[PDB]
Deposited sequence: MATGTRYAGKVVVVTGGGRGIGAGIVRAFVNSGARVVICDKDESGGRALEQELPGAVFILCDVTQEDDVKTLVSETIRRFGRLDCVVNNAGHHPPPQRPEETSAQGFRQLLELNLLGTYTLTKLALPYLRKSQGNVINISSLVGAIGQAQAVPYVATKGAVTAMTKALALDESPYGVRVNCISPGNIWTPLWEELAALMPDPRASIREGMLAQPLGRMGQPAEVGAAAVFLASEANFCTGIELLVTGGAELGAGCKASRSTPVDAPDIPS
């Protein structure tokens, strides 16, 4: 009942972290709108969870997002929280192998899709004194190898979170982000499968955290529910869900 009576939109909610966030909000008593560009996972989740429904929506298509918001309001009569989780990590790429056009396309998804839904949702969030949760990444803060475009997009999301927190503070709308580290999701599994040694890349991913394992979608979900339902004096924070990866370490010429 921590978030009973509230209405939440989760983008990219059909699998992975997004689905974990959907589940956590349903378990907290909220009604959830699952947005995803793919039907498969989200439609099954809508059948599985009373309290969750699925709306097909590509966050890079402004008219899809306009309809996402208007359908949420039409069906449920309020909007309390948007979780901007949709995003992608390309395969590892050397800097000289990247392109400006590929960088633009990744910005469209990871940055501008978050921007667009937030903009369209804010009038309703102001009415409900709701909140925005962006899913950024630890690597925006510390960097990552073979990922210049991805890292740049997440540095942008974290910074944008802080700017919007300032702008929306007078209107009572909090804006926060979660920066996960390695979370075991279908994206992680897919990228590992491309590696020459998949099992070795997964073991290395597990051992990059002092806790010795990767995180779970449910753990990101719990952080999101905390930010939405109980963090009333938190705005513009970056909540790290990383297992300690940023900590510690891992002749002079």
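K.L.:
If a residue lacks a C-alpha atom here, it counts as unmodelled; so which stretches of the deposited sequence fall into that category?
P.N.:
Model skips 1-4, 255-265, 269-270 of the deposited chain.
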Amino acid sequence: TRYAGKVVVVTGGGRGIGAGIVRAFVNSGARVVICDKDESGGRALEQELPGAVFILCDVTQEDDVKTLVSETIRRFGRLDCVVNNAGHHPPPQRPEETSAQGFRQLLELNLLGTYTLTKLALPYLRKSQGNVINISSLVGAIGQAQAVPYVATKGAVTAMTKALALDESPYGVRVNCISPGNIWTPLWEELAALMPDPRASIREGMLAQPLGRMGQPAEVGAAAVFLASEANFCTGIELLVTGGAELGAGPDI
From here on, numbers count along this sequence of modelled residues.
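K.L.:
Determine, for stretches 241-249 and 7-15, which one has the higher mean CA B-factor as deposited.
P.N.:
Result of the comparison: 241-249.
K.L.:
Highest mean C-alpha temperature factor of the two stretches 53-61 and 201-209, which is it?
P.N.:
So the stretch with the higher mean C-alpha B-factor is 201-209.
K.L.:
Select one of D36, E189, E219, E46: the residue whose C-alpha shows the highest B-factor in the crystal structure entry.
P.N.:
Largest recorded C-alpha B-factor: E189.
K.L.:
Per the coordinate record, which of the options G87, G172, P149, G155 holds the highest CA temperature factor?
P.N.:
Largest recorded C-alpha B-factor: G172.
K.L.:
Ranking the modelled residues of this chain by C-alpha B-factor as given in the entry, is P180 in the lowest, middle or highest third?
P.N.:
Within its chain, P180 is a lowest-third residue by C-alpha B-factor, going by the deposited values.
K.L.:
Comparing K127 with the other modelled residues of its chain, is its CA B-factor in the lowest, middle or highest third?
P.N.:
Its C-alpha B-factor, which the entry lists for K127, ranks in the middle third among residues of this chain.
K.L.:
Can you work out whether the C-alpha temperature factor of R74 puts it in the lowest, middle or highest third of the chain?
P.N.:
Middle third - that is where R74 ends up once the chain's C-alpha B-factors are sorted.
K.L.:
Going by the CA temperature factor in the PDB record, which third of the chain does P92 belong to: lowest, middle or highest?
P.N.:
Highest third - that is where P92 ends up once the chain's C-alpha B-factors are sorted.
K.L.:
If you rank every modelled residue in this chain by C-alpha B factor, which third holds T161: lowest, middle or highest?
P.N.:
As the PDB entry reports it, the C-alpha B-factor of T161 lands in the middle third of its chain.
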